[PDB]
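**Q** I am attaching a structure below and will ask some questions about it afterwards.
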Amino acid sequence: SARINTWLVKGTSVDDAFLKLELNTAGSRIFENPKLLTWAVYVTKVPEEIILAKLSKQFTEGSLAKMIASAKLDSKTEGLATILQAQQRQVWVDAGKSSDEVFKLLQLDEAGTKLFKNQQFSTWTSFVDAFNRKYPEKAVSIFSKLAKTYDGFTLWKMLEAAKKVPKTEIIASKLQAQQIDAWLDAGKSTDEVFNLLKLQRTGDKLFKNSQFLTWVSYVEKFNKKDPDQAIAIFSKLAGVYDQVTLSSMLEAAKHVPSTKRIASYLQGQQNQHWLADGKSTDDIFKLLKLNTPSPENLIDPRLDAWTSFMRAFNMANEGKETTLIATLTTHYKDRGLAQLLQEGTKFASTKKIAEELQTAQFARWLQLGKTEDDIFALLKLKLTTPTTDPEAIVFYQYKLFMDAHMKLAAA
Amino acid sequence: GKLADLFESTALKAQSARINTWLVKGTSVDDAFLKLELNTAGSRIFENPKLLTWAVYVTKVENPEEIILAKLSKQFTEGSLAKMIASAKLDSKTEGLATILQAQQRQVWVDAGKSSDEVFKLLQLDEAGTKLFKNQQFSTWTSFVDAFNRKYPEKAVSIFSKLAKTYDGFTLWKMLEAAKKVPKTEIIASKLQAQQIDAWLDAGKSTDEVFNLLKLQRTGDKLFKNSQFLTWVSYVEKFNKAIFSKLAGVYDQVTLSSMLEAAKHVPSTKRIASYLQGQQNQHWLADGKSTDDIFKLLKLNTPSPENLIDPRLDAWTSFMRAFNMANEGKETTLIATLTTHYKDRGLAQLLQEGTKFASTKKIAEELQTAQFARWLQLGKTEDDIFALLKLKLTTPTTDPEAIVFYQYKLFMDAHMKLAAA
């Protein structure tokens, strides 16, 4: 206020001005005192070293650190706190304090999994920066310390979580990058980093864990570094999961944008390995349990895993290429499948596919040259069969189709 | 017959003339269902007012709730019908109906003899992972397990046995512990925690096993900060019916002392820490250690000013109370021990320096007047403390000791009545 304007006229000592404000009897709550802002202003006008010295004879360095840290949080003392944090940093640097000791100073020992939440974290990192540019010969990475304090997985989680809050979003990602590289230089195998990230601890929920993408990112850098040791990433998964559950996981993962691109590739790998083993489209059809007559498997992801494999099988064996309605006719029967699709047409979930499938079954019949009494025979119909029965409907719709395709009947 | 009551407070549009037409003619619920084309309505069926109209009409011709769902069971798959009803339960405009139907579906699954495992997969809680208790259909499934357990006691199965076979102990615990703070789920969650403990008891696993299991080895000086520690404590107290000896075999006595004294100030771990510190005390007395052995042990014998906000000092005063009430007559003192280990001069500068920092001035001032008082009782004169504070003529007034001396004489001047003795 106008106090300063009086003290300047008189010539009052900064010490006396500090005393006249009773700031020597102010507790840990010192910064909230506007009298401190006014005195700190008075001191600037005759610098930053002095404020910090006087505060350093009334507050322990560690405690002062916290006070300044939380002092940056108040809009009214943002400036002062920063200048003081810089002076304090400069002092620690000159005094030659280790990064380990500043770490103790700020009591980050005792913040565990909560470190990046701790408000005095940036205090310590800014110190490590300053120390590293003043003492390059004995310079030490921030990360090397974190990595020395926490095991790989805990550190990973802390980081992964810390980039969610923007205040630290940048730094966390930076450190995440360093962590990966730190594994590379440490000569860790993809298997070690695999177990390290606890991906064993995951079940059929592997591609649902974000650390899996981290491990993939690791293995594709590991493969480029040392390709005399490069690994088949599908071969590990194949050594630790069933073909059925692995198929399920892969087809699910293929529909999440994050994992879409690695899941597609890996399912390709599965296809190709199934082909090299001698599995046929019918082998895989049975494998994926598609021959058990649940009607829900008409929209099943198992079906997409299968049509994927079918696609793969065909481009190998040209000329001898299979079909979905062909395979469904093979495992269920003509009658069986007719029943199946007709039932499918009732439920909303399966109504498009079944219809799409039904006419397919009709087309196969038409080209095979099946006549009305042939299908009547092969649906095992009787005269006293209700027209409302599944097959008795299918049969009719086939007659409408056949009657609407007199031209193609050449086949 | 709940459903009839709900369609009283229901807003119909024209909707109620359709129904009254159907009552007049007498048209069947089935044909009335056909005339509304609801057999071709699909997954957004509940948003369709014609469903409201048909369900109201069905209430007007019957337990109608059995029929509605039955009809719905021929147009929608079991799982999908479940899900639809679930999200129908979320919108205020279709609530009674949705809940009542969810109950009917429950009973139908029970009658059909469905396993709890199959209802579990149906509601897709298999594909819900550590998020299970967050899931809106968790309670659906628990209601099924209840209904199934009262229908088939011979084939009854605990909810917990399923959770416990699906998740490992630690993740399950974290899940429970997290869900119990969520108020919607606390009650059931807490039951499961009890059962988990009980399930460890019956599975005959060791206290060491439950210890390692709960991830407590790489807790360090931060053991009492992980809440699962209480879970393990609670375990051993059910198991016995010696915890300090275990803690003593895995920690030094000084960090253990600090940890306990700290733990005594968090309400959760308070009282177990109090008790365990009691055990440390008693074990400290039974070996024969005296207050100075412990003082030195606890690193208190060096004049660090940080010993003024230290928990170790408090651990020490704890042991002092304990020693004093045992070894009676030969009772030690705080200022005595500080005078013995630091020296008169040493302790004097220590406290004087302590008085400046806001951090330590309470303790430092109380201790200071303590030291002054002991000086007075001993009959130490101005020139005596001047002598042993090793002060000189040319000593600056601002030196610690040079202040102490002054403070003592001022103390002496306001206490001379008592000084008569």
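Residue numbering restarts at 1 for every chain of the structure tokens, chains are lettered A, B, ... in their displayed order, and ligands are numbered from 1 as they appear.
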Skip residue 409 in chain A itself and residues of its chain fewer than 6 positions away, then list as a VMD selection string all residues within 8 Å of it, counting only C-alpha atoms.

**A** chain A and resid 366 to 367 369 402

**Q** Quick one: write out the picked residues with N, CA, C and O atoms as an mmCIF file, in the first residue's frame?

**A**
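Wrote part02.cif, looks like this:
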data_model
loop_
_atom_site.group_PDB
_atom_site.id
_atom_site.type_symbol
_atom_site.label_atom_id
_atom_site.label_comp_id
_atom_site.auth_asym_id
_atom_site.auth_seq_id
_atom_site.Cartn_x
_atom_site.Cartn_y
_atom_site.Cartn_z
ATOM 1 N N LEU A 366 -30.801 -73.378 -56.504
ATOM 2 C CA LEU A 366 -31.208 -73.087 -57.873
ATOM 3 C C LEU A 366 -30.175 -73.536 -58.891
ATOM 4 O O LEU A 366 -30.519 -74.195 -59.871
ATOM 5 N N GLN A 367 -28.915 -73.179 -58.666
ATOM 6 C CA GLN A 367 -27.853 -73.587 -59.579
ATOM 7 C C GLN A 367 -27.661 -75.107 -59.536
ATOM 8 O O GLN A 367 -27.326 -75.714 -60.554
ATOM 9 N N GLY A 369 -29.950 -77.013 -59.375
ATOM 10 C CA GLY A 369 -31.076 -77.476 -60.160
ATOM 11 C C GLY A 369 -32.167 -78.165 -59.368
ATOM 12 O O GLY A 369 -32.929 -78.956 -59.919
ATOM 13 N N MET A 402 -37.622 -69.566 -57.139
ATOM 14 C CA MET A 402 -37.512 -70.384 -58.340
ATOM 15 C C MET A 402 -38.446 -69.895 -59.447
ATOM 16 O O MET A 402 -38.073 -69.869 -60.623
#

**Q** Within 7 Å of residue 189 in chain B, counting only C-alpha atoms, which residues show up once you throw out same-chain ones fewer than 5 positions away? Write them as a list in words, please.

**A**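 These residues fall inside the cut-off: residues 176, 179 and 180 of chain B.
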
**Q** So that each row is one residue of chain B with an atom at most 8 Å from chain A, can you give its shortest atom pair and the distance in Å to one decimal, using only C-alpha atoms, rows by chain and rising number, as a Markdown table?

**A**
| residue | atom | partner | partner_atom | distance |
| --- | --- | --- | --- | --- |
| B:40 | CA | A:348 | CA | 7.8 |
| B:41 | CA | A:348 | CA | 8.0 |
| B:42 | CA | A:348 | CA | 5.0 |
| B:43 | CA | A:348 | CA | 6.7 |
| B:74 | CA | A:347 | CA | 7.1 |
| B:75 | CA | A:347 | CA | 4.6 |
| B:76 | CA | A:347 | CA | 5.1 |
| B:77 | CA | A:347 | CA | 6.5 |
| B:80 | CA | A:349 | CA | 7.9 |
| B:129 | CA | A:205 | CA | 7.8 |
| B:222 | CA | A:110 | CA | 7.7 |
| B:356 | CA | A:58 | CA | 5.6 |
| B:357 | CA | A:58 | CA | 4.6 |
| B:358 | CA | A:27 | CA | 5.5 |
| B:359 | CA | A:59 | CA | 6.7 |

**Q** Would you save the residues from that selection as a PDB file, in the first residue's frame, using C-alpha atoms?

**A**
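Once everything was written out, this is result-v9.pdb:
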ATOM      1  CA  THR B  40     -41.187 -56.253 -36.743  1.00  0.00           C
ATOM      2  CA  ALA B  41     -40.022 -53.572 -34.290  1.00  0.00           C
ATOM      3  CA  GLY B  42     -36.519 -54.674 -33.305  1.00  0.00           C
ATOM      4  CA  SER B  43     -34.009 -53.528 -30.694  1.00  0.00           C
ATOM      5  CA  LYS B  74     -39.755 -65.088 -29.320  1.00  0.00           C
ATOM      6  CA  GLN B  75     -38.562 -61.909 -31.006  1.00  0.00           C
ATOM      7  CA  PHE B  76     -35.389 -61.169 -29.062  1.00  0.00           C
ATOM      8  CA  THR B  77     -32.502 -63.378 -27.994  1.00  0.00           C
ATOM      9  CA  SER B  80     -30.122 -59.110 -26.073  1.00  0.00           C
ATOM     10  CA  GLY B 129     -13.110 -57.377 -15.754  1.00  0.00           C
ATOM     11  CA  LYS B 222       5.368 -47.788   4.060  1.00  0.00           C
ATOM     12  CA  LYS B 356      13.728 -19.666  15.584  1.00  0.00           C
ATOM     13  CA  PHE B 357      12.064 -22.000  13.098  1.00  0.00           C
ATOM     14  CA  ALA B 358       8.270 -22.052  13.134  1.00  0.00           C
ATOM     15  CA  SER B 359       8.771 -25.729  12.463  1.00  0.00           C
TER      16      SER B 359
END

**Q** Go through range 251-395 of chain B and collect every residue that DSSP, computed from the backbone, puts in alpha helix (DSSP H); the answer should be as an NGL selection string.

**A** :B and (253-263 or 272-286 or 291-297 or 311-326 or 334-341 or 344-354 or 361-377 or 382-388)

**Q** Report, in Å to a single decimal, how far apart CA of residue 149 in chain A and CA of residue 260 in chain B are.

**A** 23.2 Å

**Q** Calculated over only C-alpha atoms, which of the candidates B:163, B:376, B:348, B:175 has the smallest distance to residue 411 in chain B?

**A**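 Of the candidates, the smallest distance to residue 411 in chain B is held by B:376.
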
**Q** With only C-alpha atoms as the counted atoms, please give the residues lying no more than 9 Å from range 372-375 of chain B, apart from itself and same-chain residues fewer than 2 positions off, as JSON, numbers by chain.

**A** {"B": [335, 336, 367, 368, 369, 370, 377, 378, 379, 380, 381, 385, 407, 408, 411, 412]}

**Q** Write a file of the just-selected residues containing N, CA, C and O atoms, as a PDB file, in the first residue's frame.

**A**
ATOM      1  N   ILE B 335      14.467 -33.996  30.018  1.00  0.00           N
ATOM      2  CA  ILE B 335      15.518 -32.980  30.075  1.00  0.00           C
ATOM      3  C   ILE B 335      16.802 -33.568  30.667  1.00  0.00           C
ATOM      4  O   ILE B 335      17.905 -33.104  30.378  1.00  0.00           O
ATOM      5  N   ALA B 336      16.647 -34.590  31.503  1.00  0.00           N
ATOM      6  CA  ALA B 336      17.785 -35.286  32.084  1.00  0.00           C
ATOM      7  C   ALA B 336      18.549 -36.037  31.000  1.00  0.00           C
ATOM      8  O   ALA B 336      19.773 -35.953  30.916  1.00  0.00           O
ATOM      9  N   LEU B 367      10.961 -27.013  25.924  1.00  0.00           N
ATOM     10  CA  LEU B 367      12.155 -27.705  26.382  1.00  0.00           C
ATOM     11  C   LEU B 367      13.096 -26.685  26.994  1.00  0.00           C
ATOM     12  O   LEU B 367      13.789 -26.979  27.963  1.00  0.00           O
ATOM     13  N   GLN B 368      13.122 -25.488  26.418  1.00  0.00           N
ATOM     14  CA  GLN B 368      14.022 -24.446  26.889  1.00  0.00           C
ATOM     15  C   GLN B 368      13.680 -24.082  28.317  1.00  0.00           C
ATOM     16  O   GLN B 368      14.545 -24.115  29.189  1.00  0.00           O
ATOM     17  N   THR B 369      12.416 -23.738  28.562  1.00  0.00           N
ATOM     18  CA  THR B 369      12.015 -23.386  29.919  1.00  0.00           C
ATOM     19  C   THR B 369      12.177 -24.598  30.828  1.00  0.00           C
ATOM     20  O   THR B 369      12.379 -24.439  32.029  1.00  0.00           O
ATOM     21  N   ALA B 370      12.100 -25.805  30.270  1.00  0.00           N
ATOM     22  CA  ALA B 370      12.391 -26.988  31.081  1.00  0.00           C
ATOM     23  C   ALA B 370      13.850 -26.984  31.575  1.00  0.00           C
ATOM     24  O   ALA B 370      14.133 -27.230  32.756  1.00  0.00           O
ATOM     25  N   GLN B 377      16.589 -25.204  39.744  1.00  0.00           N
ATOM     26  CA  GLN B 377      16.481 -26.168  40.836  1.00  0.00           C
ATOM     27  C   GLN B 377      17.861 -26.592  41.334  1.00  0.00           C
ATOM     28  O   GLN B 377      18.071 -26.761  42.534  1.00  0.00           O
ATOM     29  N   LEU B 378      18.808 -26.728  40.413  1.00  0.00           N
ATOM     30  CA  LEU B 378      20.184 -27.069  40.768  1.00  0.00           C
ATOM     31  C   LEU B 378      20.934 -25.910  41.432  1.00  0.00           C
ATOM     32  O   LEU B 378      22.034 -26.094  41.954  1.00  0.00           O
ATOM     33  N   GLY B 379      20.340 -24.721  41.411  1.00  0.00           N
ATOM     34  CA  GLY B 379      20.935 -23.571  42.066  1.00  0.00           C
ATOM     35  C   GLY B 379      22.028 -22.933  41.223  1.00  0.00           C
ATOM     36  O   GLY B 379      22.920 -22.271  41.755  1.00  0.00           O
ATOM     37  N   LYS B 380      21.966 -23.143  39.909  1.00  0.00           N
ATOM     38  CA  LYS B 380      22.938 -22.563  38.983  1.00  0.00           C
ATOM     39  C   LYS B 380      22.771 -21.051  38.912  1.00  0.00           C
ATOM     40  O   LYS B 380      21.686 -20.556  38.611  1.00  0.00           O
ATOM     41  N   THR B 381      23.855 -20.324  39.158  1.00  0.00           N
ATOM     42  CA  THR B 381      23.804 -18.867  39.183  1.00  0.00           C
ATOM     43  C   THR B 381      24.175 -18.279  37.826  1.00  0.00           C
ATOM     44  O   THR B 381      24.731 -18.976  36.980  1.00  0.00           O
ATOM     45  N   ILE B 385      26.171 -20.420  34.580  1.00  0.00           N
ATOM     46  CA  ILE B 385      25.823 -20.790  33.221  1.00  0.00           C
ATOM     47  C   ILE B 385      26.669 -19.946  32.273  1.00  0.00           C
ATOM     48  O   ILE B 385      27.099 -20.448  31.238  1.00  0.00           O
ATOM     49  N   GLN B 407      18.322 -15.169  28.232  1.00  0.00           N
ATOM     50  CA  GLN B 407      16.990 -15.734  28.416  1.00  0.00           C
ATOM     51  C   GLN B 407      16.861 -16.391  29.782  1.00  0.00           C
ATOM     52  O   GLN B 407      15.826 -16.291  30.446  1.00  0.00           O
ATOM     53  N   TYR B 408      17.936 -17.047  30.204  1.00  0.00           N
ATOM     54  CA  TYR B 408      17.982 -17.668  31.513  1.00  0.00           C
ATOM     55  C   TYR B 408      17.946 -16.645  32.622  1.00  0.00           C
ATOM     56  O   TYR B 408      17.238 -16.834  33.597  1.00  0.00           O
ATOM     57  N   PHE B 411      14.587 -15.343  32.917  1.00  0.00           N
ATOM     58  CA  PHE B 411      13.783 -16.400  33.523  1.00  0.00           C
ATOM     59  C   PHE B 411      13.975 -16.393  35.036  1.00  0.00           C
ATOM     60  O   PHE B 411      13.050 -16.641  35.818  1.00  0.00           O
ATOM     61  N   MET B 412      15.200 -16.083  35.427  1.00  0.00           N
ATOM     62  CA  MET B 412      15.633 -16.109  36.806  1.00  0.00           C
ATOM     63  C   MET B 412      15.023 -14.929  37.544  1.00  0.00           C
ATOM     64  O   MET B 412      14.711 -15.016  38.727  1.00  0.00           O
TER      65      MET B 412
END

**Q** Hey, what's within 12 Å of residue 127 in chain B if we count only C-alpha atoms and toss same-chain stuff fewer than 6 positions away? As JSON, numbers by chain, please?

**A** {"A": [203, 204, 205, 206, 208, 248, 249, 252], "B": [120, 121, 135, 166]}

**Q** Once you have the residues from the selection above, write them out as a compact mmCIF listing (two decimals), in the first residue's frame, restricted to N, CA, C and O atoms.

**A**
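Generated file (part-v3.txt):
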# COMPACT_ATOMS: atom_id res chain seq x y z
N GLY A 203 -5.25 -62.25 -18.39
CA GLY A 203 -5.77 -63.51 -18.88
C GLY A 203 -6.19 -63.38 -20.32
O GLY A 203 -5.38 -63.02 -21.17
N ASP A 204 -7.45 -63.68 -20.61
CA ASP A 204 -8.02 -63.38 -21.92
C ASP A 204 -8.29 -61.89 -22.08
O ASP A 204 -8.96 -61.48 -23.02
N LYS A 205 -7.77 -61.08 -21.16
CA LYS A 205 -7.99 -59.64 -21.20
C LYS A 205 -6.69 -58.90 -21.54
O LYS A 205 -6.51 -57.73 -21.19
N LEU A 206 -5.80 -59.60 -22.24
CA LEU A 206 -4.50 -59.06 -22.64
C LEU A 206 -4.60 -57.82 -23.52
O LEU A 206 -4.08 -56.76 -23.16
N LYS A 208 -6.73 -55.83 -23.80
CA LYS A 208 -7.54 -54.81 -23.15
C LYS A 208 -6.67 -53.98 -22.22
O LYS A 208 -7.08 -52.91 -21.74
N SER A 248 -10.62 -65.55 -30.27
CA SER A 248 -11.63 -64.68 -29.67
C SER A 248 -11.07 -63.31 -29.31
O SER A 248 -11.62 -62.27 -29.67
N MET A 249 -9.97 -63.35 -28.57
CA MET A 249 -9.21 -62.16 -28.20
C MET A 249 -8.83 -61.34 -29.42
O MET A 249 -8.98 -60.12 -29.43
N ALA A 252 -11.90 -59.77 -31.19
CA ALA A 252 -12.42 -58.68 -30.37
C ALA A 252 -11.53 -57.45 -30.49
O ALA A 252 -12.01 -56.35 -30.75
N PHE B 120 -24.20 -65.49 -15.61
CA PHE B 120 -23.02 -64.64 -15.56
C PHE B 120 -22.52 -64.27 -16.95
O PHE B 120 -22.36 -63.09 -17.27
N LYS B 121 -22.27 -65.29 -17.78
CA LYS B 121 -21.90 -65.05 -19.18
C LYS B 121 -22.97 -64.27 -19.97
O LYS B 121 -22.64 -63.36 -20.74
N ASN B 135 -20.42 -52.34 -13.02
CA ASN B 135 -21.43 -52.82 -13.95
C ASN B 135 -22.87 -52.80 -13.42
O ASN B 135 -23.16 -53.31 -12.34
N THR B 166 -12.84 -66.50 -10.11
CA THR B 166 -12.61 -65.69 -11.30
C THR B 166 -11.43 -64.73 -11.13
O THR B 166 -10.69 -64.48 -12.08

**Q** Which residue gives the smallest distance to residue 145 in chain B among B:79, B:169, B:183, B:113, with only C-alpha atoms counted?

**A**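 The closest residue to residue 145 in chain B is B:113.
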
**Q** When you count only C-alpha atoms, which of these residues is closest to residue 278 in chain A: A:107, A:316, A:407, A:18?

**A**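 The shortest atom-to-atom distance to residue 278 in chain A comes from A:316.
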
**Q** Within 12 Å of residue 247 in chain B, counting only C-alpha atoms, which residues qualify if same-chain residues fewer than 6 places away don't, as a ChimeraX atom specification?

**A** /B:208,211,216-217,220-221,223-224,229,233,253-257,259-260,273,276-277,279-280

**Q** Produce a file of the selected residues containing N, CA, C and O atoms, as a short mmCIF file (atom, residue, chain, number, x, y, z; two decimals), in the first residue's frame.

**A**
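Okay, this is what ended up in again.cif:
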data_model
loop_
_atom_site.label_atom_id
_atom_site.label_comp_id
_atom_site.auth_asym_id
_atom_site.auth_seq_id
_atom_site.Cartn_x
_atom_site.Cartn_y
_atom_site.Cartn_z
N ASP B 208 1.52 -66.08 6.59
CA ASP B 208 2.62 -65.64 5.75
C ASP B 208 2.16 -65.60 4.30
O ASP B 208 2.52 -64.71 3.54
N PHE B 211 0.03 -62.82 3.70
CA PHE B 211 0.89 -61.65 3.78
C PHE B 211 1.51 -61.37 2.41
O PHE B 211 1.37 -60.27 1.87
N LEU B 216 2.56 -57.35 0.33
CA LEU B 216 3.15 -56.59 1.42
C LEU B 216 4.67 -56.67 1.58
O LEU B 216 5.22 -55.98 2.45
N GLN B 217 5.38 -57.49 0.81
CA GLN B 217 6.84 -57.49 0.93
C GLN B 217 7.54 -56.24 0.42
O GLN B 217 8.44 -55.75 1.10
N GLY B 220 7.67 -51.05 2.19
CA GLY B 220 8.89 -50.93 2.95
C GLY B 220 8.57 -50.32 4.27
O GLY B 220 7.81 -50.85 5.07
N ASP B 221 9.17 -49.16 4.50
CA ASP B 221 8.82 -48.32 5.62
C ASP B 221 7.41 -47.75 5.43
O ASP B 221 6.96 -46.91 6.20
N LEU B 223 4.55 -49.84 5.11
CA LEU B 223 3.62 -50.93 5.37
C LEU B 223 2.26 -50.45 5.87
O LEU B 223 1.23 -50.74 5.25
N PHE B 224 2.25 -49.73 6.98
CA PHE B 224 1.00 -49.27 7.59
C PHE B 224 0.24 -48.25 6.74
O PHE B 224 -0.79 -47.73 7.16
N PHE B 229 -3.12 -53.94 4.73
CA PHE B 229 -2.39 -54.38 5.90
C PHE B 229 -3.39 -54.73 7.00
O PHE B 229 -3.26 -55.77 7.67
N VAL B 233 -4.09 -58.05 9.17
CA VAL B 233 -4.14 -58.04 10.63
C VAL B 233 -5.39 -58.72 11.11
O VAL B 233 -5.35 -59.68 11.88
N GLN B 253 14.68 -52.45 14.45
CA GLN B 253 13.82 -51.90 15.49
C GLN B 253 13.58 -50.40 15.39
O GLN B 253 12.57 -49.89 15.89
N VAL B 254 14.47 -49.68 14.71
CA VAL B 254 14.36 -48.23 14.67
C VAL B 254 13.34 -47.80 13.60
O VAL B 254 12.45 -46.99 13.89
N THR B 255 13.42 -48.35 12.40
CA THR B 255 12.44 -48.00 11.38
C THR B 255 11.08 -48.50 11.83
O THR B 255 10.09 -47.81 11.65
N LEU B 256 11.03 -49.67 12.45
CA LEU B 256 9.78 -50.19 12.98
C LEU B 256 9.19 -49.24 14.03
O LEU B 256 7.98 -48.98 14.03
N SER B 257 10.05 -48.72 14.90
CA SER B 257 9.61 -47.75 15.91
C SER B 257 9.02 -46.50 15.26
O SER B 257 7.95 -46.01 15.66
N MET B 259 7.83 -46.12 12.15
CA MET B 259 6.62 -46.51 11.44
C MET B 259 5.43 -46.63 12.37
O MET B 259 4.34 -46.18 12.05
N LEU B 260 5.64 -47.27 13.52
CA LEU B 260 4.56 -47.42 14.50
C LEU B 260 4.11 -46.08 15.04
O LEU B 260 2.90 -45.80 15.13
N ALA B 273 -1.46 -49.79 16.00
CA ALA B 273 -0.12 -49.23 16.13
C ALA B 273 0.18 -48.96 17.60
O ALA B 273 1.29 -49.19 18.06
N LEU B 276 0.84 -52.35 19.11
CA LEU B 276 2.09 -52.94 18.64
C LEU B 276 3.29 -52.20 19.23
O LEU B 276 4.33 -52.81 19.51
N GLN B 277 3.14 -50.90 19.41
CA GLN B 277 4.16 -50.09 20.07
C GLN B 277 4.25 -50.51 21.52
O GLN B 277 5.34 -50.54 22.10
N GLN B 279 3.72 -53.55 22.51
CA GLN B 279 4.53 -54.77 22.40
C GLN B 279 6.02 -54.49 22.26
O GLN B 279 6.85 -55.22 22.83
N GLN B 280 6.38 -53.46 21.50
CA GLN B 280 7.78 -53.10 21.34
C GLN B 280 8.35 -52.66 22.67
O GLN B 280 9.40 -53.15 23.07
#

**Q** State, in Å with one decimal place, the distance from CA of residue 382 in chain A to CA of residue 360 in chain A.

**A**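 Between CA of residue 382 in chain A and CA of residue 360 in chain A the gap works out to 24.7 Å.
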
**Q** As an exercise, work out the distance from CA of residue 392 in chain B to CA of residue 340 in chain B in Å and give it to one decimal place.

**A** 24.6 Å

**Q** Write out as a PyMOL selection string which residues come within 10 Å of residue 265 in chain A when counting only C-alpha atoms, dropping same-chain ones fewer than 4 positions away.

**A** chain A and resi 234+250+254+260-261+269-271

**Q** For residue 174 in chain A, which residue out of A:246, A:162, A:106, A:338 is the nearest one, using only C-alpha atoms?

**A**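 Under the stated criterion, the closest residue is A:162.
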
**Q** Measuring atom to atom with only C-alpha atoms, identify which of B:29, B:123, B:69, B:82 is nearest to residue 54 in chain B.

**A**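 Smallest distance to residue 54 in chain B is found for B:29.
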
**Q** Taking only C-alpha atoms into account, which of B:65, B:86, B:138, B:132 comes nearest residue 108 in chain B?

**A**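 With only C-alpha atoms as the atom set, the closest residue is B:65.
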
**Q** Please provide as a list in words all residues within 9 Å of range 210-216 of chain A, with the sequence filter that same-chain residues fewer than 5 positions apart are discarded (counting only C-alpha atoms).

**A** residues 153, 156, 157, 160, 180, 190, 193, 194, 197, 198, 199, 221, 233, 258, 259 and 262 of chain A
